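Below: one structure, written as structure tokens.
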Amino acid sequence: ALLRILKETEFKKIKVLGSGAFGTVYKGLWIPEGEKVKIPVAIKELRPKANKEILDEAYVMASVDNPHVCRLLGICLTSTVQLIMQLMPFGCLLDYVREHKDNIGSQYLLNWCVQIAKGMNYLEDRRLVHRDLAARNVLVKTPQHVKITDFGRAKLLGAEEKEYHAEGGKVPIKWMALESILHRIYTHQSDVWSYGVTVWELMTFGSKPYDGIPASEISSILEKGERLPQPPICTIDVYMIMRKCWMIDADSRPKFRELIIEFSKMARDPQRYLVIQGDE
Ligand SMILES: *CCC(=O)N[C@@H]1CN(c2nc(Nc3cn(C)nc3OC)c3ncn(C)c3n2)C[C@H]1F
């Protein structure tokens with residue numbers, strides 16, 4: 001996997017897919033000069049650093065090559081930065097589970113848990129802390145295959161850095177580990193906490209965590225030992241994996257490699273672990 005530098009004439013925006021503080025993402029078409037191959041892509045136009053700085057960050061990003069991380073294919077530098085990425089035709093997993101809640105079986109849910117853990121383990125191998133894992137930031141390539149994506153919060157740790165120490169950026173409190181809320185500290189193990197919340201989202205078919213509760217109250221609820229409730233479809237075995245992800249001691253939490261093993265075992269006999277009517 002290598003970074004391609006695109007000229008504006010190489011790609012076209014077709015329609016908007018979504019928008020946020022990061023910028024806007026479009027469905028588009030990329031035709032590399034004289035290659036005659038038409039590639040469906042997502043184009044993320046970000047809302048300055050030197051061009052070489054941006055290209056360097058894009059090079060590292062483009063080297064992230066794993067079946068369960070959405071890949072940067074190329075970049076175009078003009079008045080704006082435009083990132084050309086793999087298109088995930090089914091959109092964010094949050095909306096997908098909300099839409100198809102009555103037609104999603106245990107096999108798909110547990111498989112997604114495995115896949116997200118595989119992608120996160122790869123990011124950890126690359127020394128990348130994601131810092132924004134949530135169902136909204138997982139994308140659906142096919143119903144059978146999902147990929148993690150990133151909107152600017154991910155950080156590369158230095159050879160001797162064990163944690164990332166954040167500053168004033170806005171934070172997704174309800175997905176964060178307690179140590180991140182209290183001390184602005186982020187690690188692969190705080191990503192594990194977020195992974196647990198992400199799994200809870202999937203198992204509740206996209207429900208809102210700590211629904212209706214002010215973000216300002218969350219740290220106090222967590223300090224009292226309270227956590228997100230057991231989803232209706234979850235046997236206690238699955239809920240206990242979530243609860244392990246939210247233990248106060250970061251080193252008490254499972255690592256992604258362990259999560260891959262545990263969810264993979266469950267995915268072999270999915271109906272023993274999730275209880276879904278009509279499944280199957
Ligand atoms: C739930 C989060 C959300 O809606 N985020 C938006 C969508 N984003 C995004 N979307 C796609 N693909 C997509 C979405 N829809 C409705 N249709 C499609 O494709 C036909 C995508 N592919 C790759 N990347 C990076 C994507 N991002 C991100 C936010 F804009």
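Each chain in the structure tokens gets a letter, A, B and so on, in the order shown; residues start at 1 in every chain, and ligands are counted from 1 in the order they appear.
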
- Contacts of ligand 1, 6 Å or closer, only C-alpha atoms and all ligand atoms, given as an MDAnalysis selection string: chainID A and resid 17:19 24:25 42 85:92 94:95 136

Write out the residues from the selection above, keeping N, CA and C atoms, as a short mmCIF file (atom, residue, chain, number, x, y, z; two decimals), in the first residue's frame.
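Full text of out.cif as output:
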```cif
data_model
loop_
_atom_site.label_atom_id
_atom_site.label_comp_id
_atom_site.auth_asym_id
_atom_site.auth_seq_id
_atom_site.Cartn_x
_atom_site.Cartn_y
_atom_site.Cartn_z
N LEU A 17 -22.20 12.36 1.46
CA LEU A 17 -22.56 11.19 2.25
C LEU A 17 -22.82 11.59 3.69
N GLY A 18 -22.11 12.61 4.14
CA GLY A 18 -22.29 13.10 5.49
C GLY A 18 -21.39 14.28 5.75
N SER A 19 -21.63 15.00 6.84
CA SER A 19 -20.82 16.16 7.16
C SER A 19 -20.66 16.31 8.66
N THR A 24 -16.48 17.38 4.97
CA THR A 24 -17.54 16.68 4.26
C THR A 24 -16.99 15.47 3.52
N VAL A 25 -17.75 14.38 3.53
CA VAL A 25 -17.39 13.20 2.76
C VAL A 25 -18.36 13.01 1.60
N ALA A 42 -14.59 7.21 -1.69
CA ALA A 42 -15.10 8.28 -0.84
C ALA A 42 -14.08 9.40 -0.82
N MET A 85 -10.43 7.89 -0.29
CA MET A 85 -10.42 6.68 0.52
C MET A 85 -11.29 5.61 -0.11
N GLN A 86 -11.09 4.37 0.34
CA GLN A 86 -11.98 3.29 -0.05
C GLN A 86 -13.41 3.68 0.27
N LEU A 87 -14.31 3.45 -0.68
CA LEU A 87 -15.73 3.70 -0.45
C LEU A 87 -16.37 2.51 0.24
N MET A 88 -17.06 2.78 1.34
CA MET A 88 -17.83 1.74 2.02
C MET A 88 -19.31 1.96 1.70
N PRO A 89 -19.85 1.18 0.76
CA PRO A 89 -21.15 1.45 0.14
C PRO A 89 -22.35 1.46 1.07
N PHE A 90 -22.23 0.84 2.24
CA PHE A 90 -23.37 0.73 3.14
C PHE A 90 -23.33 1.73 4.30
N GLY A 91 -22.32 2.58 4.32
CA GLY A 91 -22.33 3.67 5.28
C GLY A 91 -21.86 3.28 6.67
N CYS A 92 -22.15 4.12 7.66
CA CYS A 92 -21.68 3.86 9.01
C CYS A 92 -22.47 2.72 9.66
N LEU A 94 -23.41 2.36 12.68
CA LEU A 94 -24.44 2.84 13.59
C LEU A 94 -25.79 2.92 12.88
N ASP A 95 -25.82 3.58 11.72
CA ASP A 95 -27.05 3.71 10.96
C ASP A 95 -27.50 2.36 10.41
N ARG A 136 -20.47 4.93 15.04
CA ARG A 136 -20.54 5.93 13.97
C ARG A 136 -19.25 5.95 13.14
#
```

- Taking the chain letters and numbering used in this document, name the residues of stretch 13-252 of chain A that DSSP puts in helix (DSSP H, G or I), as a ChimeraX atom specification. /A:51-62,93-99,101-103,106-125,135-137,173-175,178-183,188-203,215-223,236-245,250-252

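Nearest-residue note for residue A:211: choosing from A:228, A:106, A:268, A:257, the minimum distance belongs to A:228, counting only C-alpha atoms.
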
- Task: Can you pull out every residue within 10 Å of stretch 167-184 of chain A, counting only C-alpha atoms, but drop anything in the same chain fewer than 3 positions away, and send it as a PyMOL selection string?
- Result: chain A and resi 131-134+153+163-164+187+189-198+208-211+213-220+222-223+245-250

- Can you list, as a PyMOL selection string, every protein, DNA or RNA residue that comes within 7 Å of stretch 63-69 of chain A when you count only C-alpha atoms, leaving out same-chain residues fewer than 6 positions away? chain A and resi 1-2+115-116+118-119+146-149

Keeping only C-alpha atoms, take the residues you just selected and write them out as an mmCIF file, in the first residue's frame.
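So the final result, stored in part.cif, reads:
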```
data_model
loop_
_atom_site.group_PDB
_atom_site.id
_atom_site.type_symbol
_atom_site.label_atom_id
_atom_site.label_comp_id
_atom_site.auth_asym_id
_atom_site.auth_seq_id
_atom_site.Cartn_x
_atom_site.Cartn_y
_atom_site.Cartn_z
ATOM 1 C CA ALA A 1 0.000 0.000 0.000
ATOM 2 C CA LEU A 2 1.413 3.360 -1.103
ATOM 3 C CA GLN A 115 -13.505 -7.698 12.798
ATOM 4 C CA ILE A 116 -13.418 -4.460 14.772
ATOM 5 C CA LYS A 118 -8.831 -7.267 14.439
ATOM 6 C CA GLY A 119 -8.628 -3.768 13.012
ATOM 7 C CA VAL A 146 -16.818 -3.760 8.324
ATOM 8 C CA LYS A 147 -13.907 -1.315 8.598
ATOM 9 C CA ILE A 148 -12.765 1.232 11.187
ATOM 10 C CA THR A 149 -12.277 4.804 10.009
#
```

- DSSP strand (DSSP E) residues within stretch 36-234 of chain A, as a VMD selection string: chain A and resid 39 to 46 72 to 77 81 to 86 128 to 129 138 to 142 145 to 148 155 to 156 164 to 165 185 to 186

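Here the question is which of A:49, A:126, A:243, A:272 gets nearest to residue A:61 using only C-alpha atoms, and that residue is A:126.
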
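Checking A:186, A:256, A:26, A:59 one by one against residue A:46, counting only C-alpha atoms, you find the shortest gap at A:26.
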
- Message: Just want the 12 Å neighbourhood of residue A:258, counted on only C-alpha atoms, with same-chain residues fewer than 4 positions away dropped. Output as an MDAnalysis selection string.
- Response: chainID A and resid 114 117:118 120:121 192 241 244:245 253:254 262:265

Mind dumping the selected residues with C-alpha atoms as a compact mmCIF listing (two decimals), in the first residue's frame?
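Heads up, here's the output in again.txt:
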```txt
# COMPACT_ATOMS: atom_id res chain seq x y z
CA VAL A 114 -14.27 -9.92 15.78
CA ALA A 117 -11.09 -6.09 17.28
CA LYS A 118 -8.83 -7.27 14.44
CA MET A 120 -7.91 -2.28 16.42
CA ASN A 121 -5.20 -4.85 17.13
CA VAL A 192 -10.48 -1.00 24.59
CA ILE A 241 -16.71 -8.99 28.03
CA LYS A 244 -14.19 -6.16 31.48
CA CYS A 245 -13.56 -3.41 28.92
CA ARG A 253 -9.02 -4.67 30.68
CA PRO A 254 -8.64 -7.27 27.92
CA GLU A 262 -12.98 -14.61 22.76
CA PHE A 263 -15.39 -13.22 20.20
CA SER A 264 -14.10 -15.68 17.59
CA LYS A 265 -15.00 -18.58 19.89
```

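You will find atom CA of residue A:124 at 19.3 Å from atom CA of residue A:242.
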
- Could you check which of A:10, A:161, A:53, A:226 is closest to residue A:38, using only C-alpha atoms? A:10
